[PDB]
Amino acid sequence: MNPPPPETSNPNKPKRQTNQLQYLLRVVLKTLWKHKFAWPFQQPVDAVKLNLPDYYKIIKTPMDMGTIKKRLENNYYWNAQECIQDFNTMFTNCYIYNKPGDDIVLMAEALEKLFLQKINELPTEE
C-alpha cells in the first residue's frame, strides 16, 4: 500500500504569507511545474502503480511538487526556508532511491539546477 500523502494544511501550524513565499509560488514553482521534466514530480510517488514495493521502505520523508504547490496555496509555511527544504527533500529522495545516471535522476538534476537559478533572485523580506 501507499502511505498517506504529506499534509498540505494543519490547524495547529501557524500560517504566513511573505514576499519570498509569494515569489516561490509565482515564479519558482511555476517555472519548475511547466518544465518538460516536471511530470514525475507533480504528485506523490504512487509506488503501487509504478511497481516500486520498496520505495517507502527507503524513502521516509517523501515530497513532491504537488504537495509543495498546495502548501504554498494554503499559506502552510511560516517562511521560505521551510519551502526550500521541501524542494531539497524532493531532489534528495530521487538521488537516494535511484541509480546515478538513471533518466529520473537526470531529470531531477535539471530541475534542481533551474530551481537554484530561480531562487538566486529571491527578493529580500519586505
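Residue positions are given as counts along the sequence shown, with the first one as 1.
A summary of the deposited B-factors shows that, of 19-27 and 113-121, the stretch with the larger mean C-alpha value is 113-121.
Stretches 85-93 and 28-36 differ in mean C-alpha B factor, with the higher average recorded for 28-36. In this entry, the residue among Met63, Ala80, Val48, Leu72 with the greatest C-alpha B factor is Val48. Per the deposited record, the Cα B-factor of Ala108 falls in the lowest third when ranked against the other modelled residues of its chain.
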